[PDB]
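Report on one structure; see the data block that follows.
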There are 2 protein chains.
Amino acid sequence: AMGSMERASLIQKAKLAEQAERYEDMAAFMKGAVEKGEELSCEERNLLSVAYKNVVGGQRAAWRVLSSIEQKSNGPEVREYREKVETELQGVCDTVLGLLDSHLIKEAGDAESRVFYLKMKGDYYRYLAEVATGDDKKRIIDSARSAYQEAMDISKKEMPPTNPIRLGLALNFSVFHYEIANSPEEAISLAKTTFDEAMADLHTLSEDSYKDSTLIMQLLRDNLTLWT
Amino acid sequence: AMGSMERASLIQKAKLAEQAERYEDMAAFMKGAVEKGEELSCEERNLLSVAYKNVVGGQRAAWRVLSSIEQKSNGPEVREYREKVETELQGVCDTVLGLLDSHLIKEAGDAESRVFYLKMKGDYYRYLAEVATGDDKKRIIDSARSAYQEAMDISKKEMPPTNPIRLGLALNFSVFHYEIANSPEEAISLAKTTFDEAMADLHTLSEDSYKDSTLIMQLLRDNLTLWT
Ligand SMILES: O=C(COc1ccccc1P(=O)(O)O)NC1CCCCC1
Ligand SMILES: O=C(COc1ccccc1P(=O)(O)O)NC1CCCCC1
Ligand SMILES: [Cl-]
Ligand SMILES: [Cl-]
Ligand SMILES: [Cl-]
Ligand SMILES: [Cl-]
Ligand SMILES: [Mg+2]
Ligand SMILES: [Mg+2]
Ligand SMILES: [Mg+2]
Ligand SMILES: [Mg+2]
């Protein structure tokens, strides 16, 4: 449905929809921009990420409320409506995974872009894993694992330890370990190594870079405090 | 699309969607419940009101952001996207007005229901008036006026001055006068008379009724403070 709108108009309207807190419209404008087939700039990558994080964040928070109600219940209404929200959540994750696979990841040759999109692929399989059950759940967990691992390998080879994309990848992969993979020690180890390596690289940064890096380091510290 | 769901299941799912902060789903479930054709209980009236107030509240807040950006601008994108949001806002107001007219108002014989639905009819024409221009704007303002006035006449004949529905009607009609009709003195007069008449009736109330009434009296006082 965004096929008739210019790419630059879609980007401009995504920024307006962000100002208006209309994140479903923001996601649909960024989906249309990706579908134009050109690579995304750094600014455009971040618009894409912000739009879908907020859309899925609404759905995950709802699914959590409904799942809690359902667990306490244990008529069909609670389960039906939890299933409705779950399906729409899965559809959002599938849409994002579809954009990554057609064809954002394959055309991303620079480290900053390739790590960004692989971390997104890990995050959206992780959201699928949160609602999954059984050994359907297993292949989804492994897919999230694989994406984060490929991003980590690239990030370690190609980015400094203070790069905010590298930091946020490590933060989300530590949450995957803690929340999804039942590997709290791996979680803690990753978050502590990441924090310590970044601290030792801070001296290299300008004032503005320092503020960007240390903000994500504080998120790593807040988790280690929650986890230990 | 809610035609196949039982009325009681629609009400139960509206309450769940409220807990999950999913107000578009809440509105669609309550729309489906009204469309069953039976009168609404007091609790159900309030579910209907909460669902649509939140949906339209999102849209009005967005429209305000975009209108402000557009005014400062004065390409087509800002205007196009403001128009997109405006159209969806108008469609929500038309849907609510449609439910009131088919056939909630005509079947509402008790004062508490009839005043509730007429105040809703005033509020949703008032939201239409906020985005309207010219002398299209005039007939819409007059429609909001007419609905509030009919509700006020009934409320004064049939409800005590502390009844919370009567208070909230007077509060919203005073906002209509101040914001839409360019009649700040009428606004102030209404809000002060309403506050004073309720204060003199408080002695008749139980503890719980007193808390309900005085909460809306504080909203009247907060406006008089803003307006004087
Ligand atoms: O409270 C959190 C914290 O989650 C994270 C913390 C650190 C890194 C990544 C995440 P997320 O699980 O949101 O990707 N997330 C909420 C989960 C419910 C939906 C809104 C966001
Ligand atoms: O800040 C207000 C105060 O508006 C009122 C105050 C008293 C009575 C009725 C209203 P409203 O105009 O929301 O019906 N309203 C916001 C207007 C922007 C959209 C969300 C609500
Ligand atoms: Cl449902
Ligand atoms: Cl490539
Ligand atoms: Cl548009
Ligand atoms: Cl009647
Ligand atoms: Mg073009
Ligand atoms: Mg390339
Ligand atoms: Mg039935
Ligand atoms: Mg009747």
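The sequence lines fix the lettering, A, B, ..., with proteins before strands; numbering per chain opens at 1. Whatever order the structure lists them in is the order used to number ligands and atoms, beginning at 1.
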Minimum-distance protein heavy atom relative to atom 20 (C) of ligand 2: B:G57 O, 3.9 Å
Nearest to the Mg ion (ligand 8) - the N/O/S atom of A:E107, by atom name: O
Determine whether the side chain, the backbone, both or neither of B:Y127 has a heavy atom under 4.0 Å from any heavy atom of ligand 2. side chain
Might you point out which heavy atoms bring A:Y23 and A:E18 nearest each other, and give the distance in Å? OH-O, 4.2 Å
Give a yes or no on whether a salt bridge exists between B:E150 and B:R114, defined as a side-chain N under 4.0 angstrom from a carboxylate O. yes
Taking both backbone and side chain into account, is any N, O or S atom of A:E39 nearer than 2.8 Å to the Mg ion (ligand 8)? yes
Is there a donor in the side chain of A:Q149 and an acceptor in the side chain of A:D153, or the other way round, less than 3.5 Å apart? yes
For atom 10 (C) of ligand 2, tell me which residue out of B:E179, B:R126, B:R64 has the closest non-hydrogen atom. B:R126
Identify the closest protein heavy atom to atom 13 (O) of ligand 2: which residue and atom is it, and at what distance? B:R60 NH1, 3.1 Å
Flag, side chain of B:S183 to backbone of B:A181, donor-acceptor distance under 3.5 Å: yes
Identify, for atom 7 (C) of ligand 2, the protein heavy atom at the shortest distance, and state residue, atom and that distance. B:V175 CG2, 3.8 Å
Protein contact of atom 9 (C) of ligand 2 - nearest heavy atom, named by residue and atom, plus distance: B:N172 ND2, 3.3 Å
Is any heavy atom of the protein nearer than 4.0 Å to atom 2 (C) of ligand 2? no
Which heavy-atom pair separates A:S67 from A:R82 by the least distance, and what is that distance? N-CG, 4.1 Å
